[PDB]
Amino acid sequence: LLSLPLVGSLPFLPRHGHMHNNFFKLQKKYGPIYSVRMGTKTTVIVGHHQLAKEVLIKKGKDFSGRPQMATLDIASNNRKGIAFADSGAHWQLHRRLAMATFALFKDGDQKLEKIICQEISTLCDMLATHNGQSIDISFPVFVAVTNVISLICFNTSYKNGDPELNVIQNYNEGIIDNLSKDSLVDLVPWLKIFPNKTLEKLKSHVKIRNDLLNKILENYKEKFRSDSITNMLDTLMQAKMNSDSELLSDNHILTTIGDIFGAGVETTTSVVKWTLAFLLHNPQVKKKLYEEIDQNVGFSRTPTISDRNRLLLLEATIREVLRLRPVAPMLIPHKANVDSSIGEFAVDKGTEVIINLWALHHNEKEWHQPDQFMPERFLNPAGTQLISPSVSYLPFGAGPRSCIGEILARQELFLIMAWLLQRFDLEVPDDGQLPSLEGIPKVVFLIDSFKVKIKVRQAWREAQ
């Protein structure tokens, strides 16, 4: 007898399990580096911190490109902005500008901390009215960080109950929904194979986004002045003026701002939401954080960046969430700019390269009990200093494409968690429903919405 002719082979079921996991699973069989073919396209998947550090750092510029996806083409207005922009003059300029923007927030009245704290203050005030009730805290958090990013981008914020916030939250939900089904690593190009409305759907969420950004950018051309660089939009216009003409067109500026707005809001919200979930499943850790927040900060004042030097277990909890649930479990896809190599294997010009960050954060030789939420992994055995327990760890990636929002995100997470932990007891709702920790892989790695019982703290009031 005979083997049947094979016309197609995939090593696991599509739309079965999370893909970053299925890829990790195959490491057992094939090693930490291997490739897949779909039509003309080859894709490399990397699942070890050494070979990843080759792609991200050592050969940074070689692998700093982005592949082209019909779905990203829409989200990025034909490859503009930073995130889904390919390497080139376009990317490099807009990346450096945005970065330069961030320094305009290093010291003074527009200290990043002061902008962050104002909003956490509104945010804690709103949340306080719900004393005794179980709420989904998604929207209150989305609001506070929508504000921080808005101030940083434009020097504007939204008053309470402005409907624009609701309009944003909507096309954000609908873009994240139609950007991919599961991860950005779509394996089989299902949307070229059968009739469907997903590009149609995606276009018209992005239309409404682009329309809101167009209003603000034409309504700002007349407020703009050379002697006043205080936000990101200024920085961009300060560049268009001096000069790079092809590079800073209207579309190009809109899209960069659109990336930062998107990225500022959805990543931090998601992580806050994860952190709260892990905290609800871990009442032993939760208790110690209240005890640590009392011993070190008490109730004479609200928490402060300078507190990162003493709220160590809080910073370890955040570190551990960013490990167990990476925001980007497979980063964003890379691409080979020139012919090159990983681990001394050939990788040709144009090949998609994916770092399975999830594998690195779960490597069993690198972590002692990787499947466990254990903020202790990030402390010395006593409890008094933060440690880097493995090199297989890159929540913010690294190299030419590393996260630019990293200082922003770090401070937003630490300050949100600290104000929250000071003022509020956060408990399971009366119906003992805990959130699912499984997650929902999309551009960002999300958690199903859930509810938290929020109460005002006995110790917080017993001091007013």
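In this text, the rigid core denotes the largest set of C-alpha atoms whose superposition between the two forms falls within 1.5 Å. For every residue, the number given is its place in the sequence shown, counted from 1.
Student: Do the Cα atoms of 311 to 319 or of 179 to 187 sit farther, on average, from the shown structure in 6 other deposited structures of this protein when the rigid core is superposed?
Tutor: If we average over structures and residues in 6 other deposited structures of this protein, the farther stretch is 179 to 187.
Student: Rigid core superposed, root mean square over structures and residues, which stretch has C-alphas farther from this form in 6 other deposited structures of this protein, 265 to 273 or 104 to 112?
Tutor: Between the two stretches, 104 to 112 moves farther in 6 other deposited structures of this protein.
Student: Please figure out whether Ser243 and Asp244 are truly consecutive in the deposited sequence or have unmodelled residues between them, and give none, 1 to 3, 4 to 9, or 10 or more.
Tutor: In the deposited sequence, 4 to 9 residues between these two have no coordinates.
Student: Name the higher of the two by mean Cα B-factor in the PDB entry, 70 to 78 versus 324 to 332.
Tutor: Per the deposited B-factors, the answer is 70 to 78.
Student: Mean C-alpha B-factor higher for 267 to 275, or for 176 to 184?
Tutor: Mean B over CA atoms: larger for 176 to 184.
Student: Report the option among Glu366, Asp259, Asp227, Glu119 whose CA atom has the maximum B-factor in the deposited record.
Tutor: Within the set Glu366, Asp259, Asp227, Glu119, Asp227 shows the top C-alpha B-factor.
Student: Out of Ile149, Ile355, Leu394, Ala239, whose C-alpha atom has the biggest B factor in the entry?
Tutor: Among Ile149, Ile355, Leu394, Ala239, the PDB entry lists the largest C-alpha B-factor for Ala239.
Student: Going by the entry, which third of its chain does the Cα temperature factor of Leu311 land in?
Tutor: Within its chain, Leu311 is a highest-third residue by C-alpha B-factor, going by the deposited values.
Student: Tell me, lowest, middle or highest third: where does the Cα B factor of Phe373 rank within its chain?
Tutor: Ranked within chain, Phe373 CA B lands in the middle tercile.
Student: Going by the recorded CA B-factors, say which third of the chain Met38 sits in, lowest, middle or highest.
Tutor: Top third by C-alpha B-factor.
Student: How does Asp425 rank on Cα B-factor within its chain, lowest, middle or highest third?
Tutor: For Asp425, the deposited C-alpha B-factor lands in the middle third.
Student: If you rank the chain by CA B-factor, which third does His94 end up in: lowest, middle or highest?
Tutor: For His94, the deposited C-alpha B-factor lands in the middle third.
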